[PDB]
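J.:
Residue numbers (the authors' numbering): 5 to 570.
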């Protein structure tokens, strides 16, 4: 990231701190939790609303020392009153702005928000799991501010969880108790905390909604797939992702060794000796070198991250993913709760920045063999069947004689987002009680209000609605500003938070009390549907057939001779 966005972000960081002090009140309050009493503070928003803020609530023991890479344990209760008037640190991660490593291993907290600590009726509880490829993200309010949501009468909860190698190291050897998915196991225990404690904040423990975007969407889906969370919540929202996205899981058991070797390990490739080195390495050293772990073959085969959610090698007490996600959908308790899914109208536009560094990537679309689903493609991507499959992809996105960056970014939309959504919907249909799934398409383009991901994707002055453009209309961030109430952006905030709270409440996203929705007939998706219908969200709200459907079926035809793998 540029030296200009570095000084610019440095300034907004200083501004966000003064604004946050300014927006604090003297009104402290205490709430009960099963671990003891917590002290929150009332805060202000730039729209002159206010909310109770409880930050730095521990939901697990700090995963330090011998607990590093291990499943989380319950925290230690306390007498007295724990101070929750400040945020704790984020998980150790590489700062996308500076490139420096920041964060702390002591990161396993959640934040609770609401405009009314003593509502006259129990409220819907909405749990947000942030994205960031399982390697970045946080629940800090400079990024995920609760300011738009607390205009509504809900309780909003933002959780953190271990990221990167510290979140997702995985070793085969059953003696060392590092099966994998530590970071997901963090999310589970946070759900168990929210279940047993939301009531103390005016929340309804019987009406809980978990949602998230990108890696947070994959997370949300995982919480809907695993047995560990059965019955914990009642609605799910999958925003631009799910667990069968190709980036949402990986077999990384061999990569521990490589990481150790990058960090200076001397010795042989066995898990024990590998683990012992990793256990005493400085945390920021491990995180900083994660970028180097993937081999060039793996990057070629479109492996996006070295460490992430994985099929655990053996089953233990807190196991989360005992089988590949496709297999888990077949028995998942979550198939039988109300579900909303969606994507933006130009997902792959996010990859503008990557192409800017590697224009050689656009040539991958000459045969598209690298984007063939890996389970179908051969190692070298050279088999004639693989060239055939690649040809089908090529027909779907290469508009001319030579591929462009746009063809590329359009393909990515499908490879990373729409095709997995399709595969999940069809698998789910053959294994579900018949609970509705609703689709949305986010199509609202604006440069007048942005969020920090636009700095990373280099989305400055770029038209089209990219992956993460929607977050702007859900959460406040330190790049936001007060918007005129008649503006298209303000309306979109109102609609977006309106639809989500409505879905959270009823398991049905439609409300006539939401502006623009008066002609809307939002029907869910049925197994018999050949064509998906979705609520397309732009300056107006309109039910349409998903525009991406033709390309979606093109991809599915790659599985013509391998229907068992679809």
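Just so you know, even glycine gets a beta-carbon here, dropped at the ideal spot from N, CA and C.
At 3 residues or longer, what runs of the beta strand (DSSP E) sit wholly inside the stretch 95 to 178?
T.: Counting only runs of 3 or more, we get 113 to 118, 127 to 133, 159 to 163.
J.: Can you give me the Cβ contacts of residue 115 inside the same chain, cut-off strictly under 6 Å, excluding the 5 residues immediately before and after it?
T.: Mapped onto the chain shown, residue 115 falls at position 111. Within the same chain, residue 115 has close Cβ partners 59, 143, 162.
J.: Measuring only the C-alpha atoms, how far is residue 199 from residue 245?
T.: Reading the chain shown from its first residue, position 195 is the one you call residue 199. Reading the chain shown from its first residue, position 241 is the one you call residue 245. The straight-line gap from Cα to Cα measures roughly 24 Å.
J.: Sorted by chain position, which residues of the same chain lie with C-beta nearer than 8 Å to residue 501's C-beta, five sequence neighbours on each side aside?
T.: Walking along the chain shown from the start, residue 501 turns up at place 497. Excluding positions up to five away in sequence, the list reads 152, 153, 155, 156, 477, 478.
J.: So, using beta-carbon positions, are residue 43 and residue 87 closer together than 8 Å?
T.: What you label residue 43 is simply residue 39 of the chain shown in a count that begins at 1. What you label residue 87 is simply residue 83 of the chain shown in a count that begins at 1. Against a cut-off of 8 Å, the Cβ pair of residue 87 and residue 43 comes out as a contact.
J.: Report the CB separation of residue 513 from residue 483 in whole angstroms; it is logged as a contact under 8 Å.
T.: In the chain shown, the residue the question calls residue 513 occupies position 509. In the chain shown, the residue the question calls residue 483 occupies position 479. Not really, about 28 Å apart at Cβ, beyond 8 Å.
J.: Note down, one range per segment and in chain order, each alpha helix (DSSP H) of at least 4 residues found wholly within the stretch 371 to 416.
T.: Those alpha helix (DSSP H) runs which fall completely within the stretch 371 to 416 and span 4+ residues are 388 to 401.
J.: Out of curiosity, what's the CA-to-CA distance linking residue 10 and residue 277?
T.: The sequence position of residue 10 within the chain shown is 6, counting from 1. The sequence position of residue 277 within the chain shown is 273, counting from 1. The straight-line gap from Cα to Cα measures roughly 40 Å.
J.: Starting from the C-beta of residue 217, find all residues in its chain whose C-beta is less than 8 Å away, skip the five residues before and the five after it, and write them out in chain order.
T.: Taking the first residue of the chain shown as 1, we reach residue 217 at position 213. Once the five neighbours on either side are set aside, the close Cβ partners of residue 217 are 134, 135, 243, 244, 245, 472, 474, 475.
J.: So what's residue 444 in DSSP terms, helix, strand or just coil?
T.: Translated into the one-based positions of the chain shown, residue 444 becomes position 440. Reduced to three states, the DSSP call for residue 444 is strand.
J.: Looking only at its chain, what residues have a beta carbon closer than 7 Å to the beta carbon of residue 318, apart from the 5 residues adjacent to it on each side?
T.: The count along the chain shown starts at 1 and reaches residue 318 at position 314. So the list reads 178, 183, once near-sequence residues are dropped.
J.: Who does residue 546 pair with in a DSSP beta bridge?
T.: Locating residue 546 in the chain shown gives position 542, counting from the first residue. Looking at the DSSP assignment, residue 546 forms a beta bridge with 540.
J.: Going by DSSP in three states, residue 344 sits in which element: helix, strand or coil?
T.: By 1-based counting over the chain shown, the position of residue 344 is 340. In this structure, residue 344 counts as strand in the three-state DSSP scheme.
J.: By a C-beta neighbour count over all protein chains shown, 10 Å radius and 16 as the cutoff for buried, is residue 8 buried or exposed?
T.: Position 4 of the chain shown, counted from the start, is the residue given in the question as residue 8. The residue in question, residue 8, is exposed, as its Cβ has fewer than 16 Cβ neighbours within 10 Å.
J.: Closest by CA to residue 402, which one among 374, 370, 429, 47?
T.: As a first step, residue 402 is located in the chain shown; it is residue number 398 there, counting from the start. The residue with the shortest Cα to Cα distance from residue 402 is 370.
J.: Grab me the residues of residue 261's own chain with a C-beta within less than 7 Å of its C-beta, minus the 5 sequence neighbours each way, in chain order.
T.: Along the chain shown, one-based indexing puts residue 261 at 257. Within the same chain, residue 261 has close Cβ partners 273, 278.
J.: Answer with buried or exposed for residue 438, where buried requires no fewer than 16 other C-beta atoms within 10 angstroms of its C-beta.
T.: In the chain shown, counting from the first residue as 1, residue 438 sits at position 434. It is exposed - the Cβ of residue 438 has fewer than 16 other Cβ atoms within 10 Å.
J.: If you run the structure through DSSP and keep just helix, strand and coil, what is residue 269?
T.: By 1-based counting over the chain shown, the position of residue 269 is 265. Correct three-state label for residue 269: coil.
J.: Rank 521, 446, 430, 447 by C-alpha distance to the C-alpha of residue 532 and give the top, closest one.
T.: In the chain shown, counting from the first residue as 1, residue 532 sits at position 528. Among 521, 446, 430, 447, the Cα nearest to that of residue 532 is on 430.
J.: The alpha helix (DSSP H) that contains residue 329, what's its start and end?
T.: Along the chain shown, one-based indexing puts residue 329 at 325. That run of the alpha helix (DSSP H) goes 329 to 332.
J.: Out of 286, 237, 310, 289, state which residue places its alpha-carbon closest to the alpha-carbon of residue 254.
T.: Position 250 of the chain shown, counted from the first residue, corresponds to residue 254. Among 286, 237, 310, 289, the Cα nearest to that of residue 254 belongs to 310.
J.: Would residue 423 be called buried (16 or more neighbouring beta carbons within 10 Å of its own) or exposed?
T.: Here residue 423 is taken as the residue at index 419 of the chain shown, counted from 1. Buried is the call here.
J.: DSSP state of residue 287, grouped into three classes?
T.: Taking the chain shown and counting its residues from 1, one reaches residue 287 at position 283. Note: residue 287 maps to helix in three-state DSSP.
J.: Measuring straight from C-alpha to C-alpha, what distance separates residue 395 and residue 306?
T.: Position 391 of the chain shown, counted from the first residue, corresponds to residue 395. Position 302 of the chain shown, counted from the first residue, corresponds to residue 306. Answer to the nearest angstrom: the Cα atoms are 18 Å apart.
J.: Determine whether the beta carbon atoms of residue 635 and residue 373 lie at a separation below 8 Å.
T.: Absent from the structure is residue 635, since the part of the chain shown begins at 5 and ends at 570.
J.: Are residue 1 and residue 239 close, meaning C-beta to C-beta below 8 Å?
T.: The first residue shown for the chain is 5 and the last is 570, placing residue 1 beyond what the model contains.
J.: Whose CA, out of 175, 170, 336, lies closest to the CA of residue 235?
T.: Counting from 1 along the chain shown, the entry for residue 235 is found at position 231. Among 175, 170, 336, the Cα nearest to that of residue 235 is on 336.
J.: If we count the other Cβ atoms within 10 Å of its Cβ and call it buried at 16 or more, is residue 550 buried or exposed?
T.: Here residue 550 refers to the residue found at position 546 of the chain shown. Flag for residue 550 reads buried.
J.: Under a three-way DSSP split, which group does residue 243 fall into?
T.: Taking the first residue of the chain shown as position 1, residue 243 is located at position 239. The answer is strand: DSSP assigns residue 243 an E or B state.
J.: Looking only at its own chain, which residues have a Cβ that is under 8 Å from the Cβ of residue 34, when we skip the five neighbours before and after it?
T.: Position 30 of the chain shown, counted from the start, is the residue given in the question as residue 34. Only 41, 42, 43, 44, 85 meet the Cβ criterion.
J.: If you draw a straight line from the C-alpha of residue 175 to the C-alpha of residue 74, how long is it?
T.: Sequence index remark: in the chain shown, residue 175 carries index 171 (1-based). Sequence index remark: in the chain shown, residue 74 carries index 70 (1-based). Taking the straight line from one Cα to the other gives about 11 Å.
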